[PDB]
2 protein chains.
Amino acid sequence: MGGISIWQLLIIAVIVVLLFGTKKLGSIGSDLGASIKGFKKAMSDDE
Amino acid sequence: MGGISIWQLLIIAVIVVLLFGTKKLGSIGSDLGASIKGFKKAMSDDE
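As recorded in the entry header, the structure was determined using solution NMR.

The name given to chain A in the PDB entry is Sec-independent protein translocase protein TatA, and the organism recorded there is Escherichia coli. According to its PDB record, this entry is titled "Solution structure of dimeric TatA of twin-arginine translocation system from E. coli". Database annotation for chain A, UniProt heading Subcellular location: "Cell inner membrane". Per UniProt, chain A carries the Sequence similarities text "Belongs to the TatA/E family."

*Asks:* How should helix α2 (residues 23-39) of chain A be read in this particular structure?
*Replies:* Residues lying three or four places apart along an α-helix face the same way, a consequence of the helix completing one turn every 3.6 residues. Between its first and last C-alpha, α2 of chain A extends 24 Å over 17 residues, near the 24 Å set by a 1.5 Å rise per residue. Within α2 of chain A, the axis deviates most sharply at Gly29 of chain A, by approximately 40 degrees. When we look at burial in α2 of chain A, the residues that qualify are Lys24, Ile28, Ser35, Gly38 and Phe39 of chain A. Turning to α2 of chain A, the residues buried within the fold contact α1 (6-19) of chain A together with α1 (6-19) and α2 (23-39) of chain B.

*Asks:* Can you walk me through the side chain of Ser30 of chain B in this structure?
*Replies:* Note on placement: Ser30 of chain B falls in helix α2. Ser30 of chain B sits in the buried class, given a relative accessible area of 19%. Look past the residues within four positions of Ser30 of chain B in its chain and what remains in contact with it is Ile28, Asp31 and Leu32 of chain A together with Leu25 of chain B.

*Asks:* Can you help me understand α1 of chain B in this one?
*Replies:* Spanning 14 residues, α1 of chain B covers 20 Å between terminal C-alpha atoms, matching the ideal 20 Å at 1.5 Å per step. Residues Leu10, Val14 and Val17 of chain B constitute the buried set of α1 of chain B. Buried residues in α1 of chain B, looked at end-on, bunch into an arc of 65 degrees, giving them a common side. On the buried face of α1 of chain B, the contacting elements are α1 and α2 of chain A together with α2 of chain B.

*Asks:* Looking at this structure, how should I read the UniProt feature "transmembrane region" in chain A?
*Replies:* Under the present numbering, the feature "transmembrane region" in UniProt falls on residues 1-21 of chain A. The span residues 1-21 of chain A is 67% helical and 0% strand by assignment, and the distance between its end C-alpha atoms comes to 33 Å.

Criteria and cut-off values
Residues numbered from 1 in each chain as written, not as in the entry; some residues may be left out. Chains lettered and ligands numbered in written order. Heavy atoms only, no water. UniProt positions renumbered as here; feature names shortened; annotations may be inferred. Helix = DSSP H or I, 4+ residues; strand = E, 2+ residues; numbered from the N terminus. Expected span 1.5 Å × (residues − 1). Bend = angle between axes of the 7 residues up to and from the residue. Buried < 20%, exposed > 50% of the residue type's maximum accessible area, 1.4 Å probe, protein only. Contact = heavy atoms within 4.5 Å. Arc of directions from axis to C-beta.

As structure tokens, then:
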């Protein structure tokens, strides 16, 4: 642990977007994106 | 070799995508993704 933040994570992940022409993020990303709203739907408050 | 840190994991992740031409993520990733919303759909204690 030391200097680890979203900063570096963003840089490499961002390059990934153009690296695969958004083809990857458009297929698996979309499906997992839908899964993200479902997974957090179980663990949430304020209804 | 490698470890269990997000930093190293990201670098390998980032390269893996072009290696399989996004074919793997689009398929196995999606199936695993829709499983992520189901696995956490049960273990929700507001963590």
